[PDB]
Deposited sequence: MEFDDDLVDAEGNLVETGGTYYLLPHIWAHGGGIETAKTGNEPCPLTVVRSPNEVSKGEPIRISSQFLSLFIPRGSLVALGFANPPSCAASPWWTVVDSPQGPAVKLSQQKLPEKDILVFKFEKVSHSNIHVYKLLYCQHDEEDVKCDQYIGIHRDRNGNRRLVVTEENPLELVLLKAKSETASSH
């Protein structure tokens, strides 16, 4: 089962902060308004090292209390921007590649259950990598960062330098 910063089991009945292994890379996971977006529909990493970011909500494909190792999950926000229809993140096509976004129309359970945590072989500090999965399901792709012209650290599918996280219960 998944585990938070304090070695406790992660619970879908709670909210957490998705922080970095190293507190030099940045802060928590936020929202930002990029491109021609009428509001903050882009899921980004805060440039501020202190910043805990937005409180995140997790849900297991098994609709249970804990998340079993390798089980698919939906990652969404506790408090989304009014303009979004649902609090869940989804992954759409972008010039930069598969990007993590929020949507202006409701999303089926089948298109938010596209995340899977993968523990990092580092020990006694509970860390994880975030994988994206599609249909053909297949989670061979990792989520990293793409800094745009305006400084936004967008979450997208990168080839290398993938995200590494620890879940801090709020």
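Enquirer: Take the full deposited sequence, match it to the modelled residues, and report the stretches without C-alphas.
Expert: No coordinates exist for the deposited residues in 1-5, 142-144, 179-186, so these stretches are absent from the model.
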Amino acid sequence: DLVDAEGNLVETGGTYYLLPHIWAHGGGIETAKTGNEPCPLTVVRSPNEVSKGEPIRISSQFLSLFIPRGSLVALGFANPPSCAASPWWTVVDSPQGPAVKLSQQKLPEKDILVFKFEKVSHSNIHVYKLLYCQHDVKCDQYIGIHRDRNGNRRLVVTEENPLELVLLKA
From here on, numbers count along this sequence of modelled residues.
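Enquirer: Where do the C-alpha atoms have the higher mean temperature factor in this entry, in 103-111 or in 119-127?
Expert: For C-alpha atoms only, the mean B-factor is higher in 119-127.
Enquirer: Should the higher mean CA B-factor in the entry be assigned to 141-149 or to 24-32?
Expert: Averaged over C-alpha atoms, the B-factors run higher in 24-32.
Enquirer: Of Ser86, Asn79, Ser71, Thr90, which one's C-alpha B factor is largest in the deposited record?
Expert: Among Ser86, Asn79, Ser71, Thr90, the PDB entry lists the largest C-alpha B-factor for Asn79.
Enquirer: How does the C-alpha B factor of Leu167 compare with the rest of the chain: lowest, middle or highest third?
Expert: CA B-factor rank for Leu167: lowest third.
Enquirer: Relative to the other modelled residues of the same chain, rank the CA B-factor of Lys52 and answer lowest, middle or highest third.
Expert: For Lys52, the deposited C-alpha B-factor lands in the highest third.
Enquirer: With respect to C-alpha B-factor, does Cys133 fall in the lowest, middle or highest third of the chain as deposited?
Expert: CA B-factor rank for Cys133: highest third.
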